[PDB]
Amino acid sequence: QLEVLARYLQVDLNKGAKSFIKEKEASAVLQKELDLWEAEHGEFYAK
Amino acid sequence: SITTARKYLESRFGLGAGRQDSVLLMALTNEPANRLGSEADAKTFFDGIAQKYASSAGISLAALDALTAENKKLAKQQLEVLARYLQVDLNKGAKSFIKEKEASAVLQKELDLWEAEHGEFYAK
Amino acid sequence: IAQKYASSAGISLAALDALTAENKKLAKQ
Amino acid sequence: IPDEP
């Protein structure tokens, strides 16, 4: 019954969850760029 | 003269050089058969010839929704009470979306501290 | 002159509900 | 109005 009311009201039940997993791989990209700095330069220089 | 035609076709009715070029040619096919008397007649003739020219070329010169919103008002209230029954959080995805979006804003705030300090050529 | 006087003073001389009732007919049942 | 030569 929950899916057919969300179908009626045009409510996406996973719009928050699809945007959650799409920013979680987007913040994994900048993390993959951020540790390229610390692997290259080191922890004392970065601090 | 011909100078007055430019301001009576390309200007009056808006007819530039290109527009008047084919506008004055239409007059020939239907030239006045006698010396025109009125100065307005010439303009009228030009305007009358422009119509054909334009034609020739083809370029001429409630509550139902109030009833609808109360239907979705029922189904939205039914949607919350079924999600309350099944213990389904309708915003667990949205709360975790905005909590990682400020978490990826933190690492962005650390990532541009590197490029502001070091620069784009060194970072590339 | 009365017109001016009057002016001067400013004192001059469907089925939607049939669809609606069947919606409440469902909810009442 | 488009000037057409």
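Residues numbered from 1 in each chain as written, not as in the entry; some residues may be left out. Chains lettered and ligands numbered in written order. Part of a larger assembly, values for the part shown. Heavy atoms only, no water. Residues with missing side-chain atoms left out of burial classes, pairs and counts.

- Where the PDB entry is consulted, chain B appears under the name Fatty acid synthase subunit alpha, with the organism given as Candida albicans.
- The record deposited in the PDB is entitled "Electron cryomicroscopy Structure of C. albicans FAS in the Apo state".

- As recorded in the PDB entry, chain A goes by Fatty acid synthase subunit alpha and comes from Candida albicans.

## Considering the overall build of chain A
Then step 1. The secondary structure content of chain A amounts to four helices and zero strands.
Then step 2. Dimensions along the principal axes, computed over C-alpha positions, put chain A at roughly 55 × 15 × 10 Å.
Then step 3. Counting across all 47 residues of chain A, residues that qualify as buried make up 26%.
Then step 4. Here chain A carries 7 positive and 9 negative side-chain charges, and the mean point of each set is 10 Å from the other. (Helix = DSSP H or I, 4+ residues; strand = E, 2+ residues; numbered from the N terminus. Buried < 20%, exposed > 50% of the residue type's maximum accessible area, 1.4 Å probe, protein only. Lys, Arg positive; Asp, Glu negative; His and termini not counted. Charge placed at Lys NZ, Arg CZ, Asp CG, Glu CD.)

## Focus on the interface of chain B and chain C
Then step 1. Every contact between the two is made by four residues of chain B and, on the other side, four residues of chain C.
Then step 2. Looking at the side of chain B that touches chain C residue by residue, the class counts come to three nonpolar, one polar and no charged. (Contact = heavy atoms within 4.5 Å. Nonpolar A, V, L, I, M, F, W, Y, C, P; charged D, E, K, R; others polar.)

## Examining the arrangement of the chains
Then step 1. Of all three pairs of chains sharing an interface, the pair with the highest contact count is chains A and B.
Then step 2. Between chain C and chain D there is no contact, and the shortest C-alpha to C-alpha separation is 48 Å.

## Here we look at the packing of helix 3 (residues 26-41) of chain A against helix 7 (residues 103-118) of chain B
Then step 1. Packing of helix 3 of chain A against helix 7 of chain B brings their axes to within 9 Å, and their N-to-C directions diverge by 40°. Between helix 3 of chain A and helix 7 of chain B, the angle is such that the two are oblique. When the axes of helix 3 of chain A and helix 7 of chain B are compared, the crossing they make is left-handed. On helix 7 of chain B, the residues touching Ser27(A), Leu30(A), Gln31(A), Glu33(A), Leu34(A), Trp37(A), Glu38(A) and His41(A) of helix 3 of chain A are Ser104(B), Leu107(B), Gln108(B), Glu110(B), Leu111(B), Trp114(B), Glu115(B) and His118(B).
Then step 2. Residue composition of the contact of helix 3 of chain A with helix 7 of chain B, by class: six nonpolar, six polar and four charged. (Axes fitted to C-alpha atoms, helices over the stretch in contact; angles between N-to-C directions. Parallel < 35°, antiparallel > 145°, perpendicular 65-115°, else oblique. Left-handed = near helix turned anticlockwise from the far one by under 90°.)

## Comments concerning the interface of chain A and chain B
Then step 1. Listed per partner, the contact involves 26 residues of chain A and 27 residues of chain B.
Then step 2. Only helix 1 (2-8), helix 2 (15-24), helix 3 and helix 4 (43-46) of chain A provide two or more residues apiece to the side of chain A that touches chain B.
Then step 3. Top contributing element to the side of chain A that touches chain B by residue count: helix 3 of chain A, with eight residues.
Then step 4. Looking at side-chain class alone, the side of chain A that touches chain B contains 14 nonpolar, seven polar and five charged residues.

## Details of the side chain of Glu100(B)
Then step 1. Take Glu100(B): it is sitting in helix 6 (residues 92-101).
Then step 2. Within the structure, the side chain of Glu100(B) is placed 2.2 Å from the backbone nitrogen of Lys24(A), a separation counted as a polar contact.
Then step 3. Once you skip the residues sitting within four places of it in the chain, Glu100(B) turns out to touch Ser19(A), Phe20(A), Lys22(A), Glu23(A), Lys24(A) and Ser27(A). (Polar contact = N/O pair within 3.5 Å; in protein donor to acceptor, adjacent residues only side chain to side chain.)

## Considering the pattern of salt bridges
Then step 1. Put simply, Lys76(B) and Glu80(B) hold a salt bridge, and the shortest N to O gap is 2.2 Å. Of this pair, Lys76(B) and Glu80(B) both sit in helix 5 (residues 64-85), separated by four residues, roughly a single helical turn. (Salt bridge = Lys/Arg side-chain N within 4 Å of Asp/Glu carboxyl O.)

## Looking at the packing of aromatic side chains
Then step 1. Between the aromatic rings of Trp37(A) and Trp114(B), the centroid separation amounts to 5.3 Å while the plane-to-plane angle is 10°, which identifies the pairing as stacked. Highlighted residues: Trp37(A) in helix 3 and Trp114(B) in helix 7, drawn from two different chains.
Then step 2. Site record: aromatic cluster; members linked through ring pairs are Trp37(A), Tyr45(A), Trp114(B) and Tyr122(B). (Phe/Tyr/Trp six-rings, centres within 6.5 Å; stacked < 30°, edge-to-face > 60°.)

## Some remarks on the packing of helix 5 of chain B against helix 2 (residues 16-28) of chain C
Then step 1. Between helix 5 of chain B and helix 2 of chain C, the least distance of the axes is 10 Å, while the angle of their chain directions is 15°. With respect to their mutual orientation, helix 5 of chain B and helix 2 of chain C come out roughly parallel. Once helix 5 of chain B is placed against helix 2 of chain C, the crossing between them reads as left-handed. When helix 5 of chain B is examined against helix 2 of chain C, the residues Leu64(B), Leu67(B) and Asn71(B) are found in contact with a partner set consisting of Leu16(C), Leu19(C), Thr20(C) and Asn23(C).
Then step 2. By residue class, the composition of the contact of helix 5 of chain B with helix 2 of chain C is four nonpolar, three polar and no charged.

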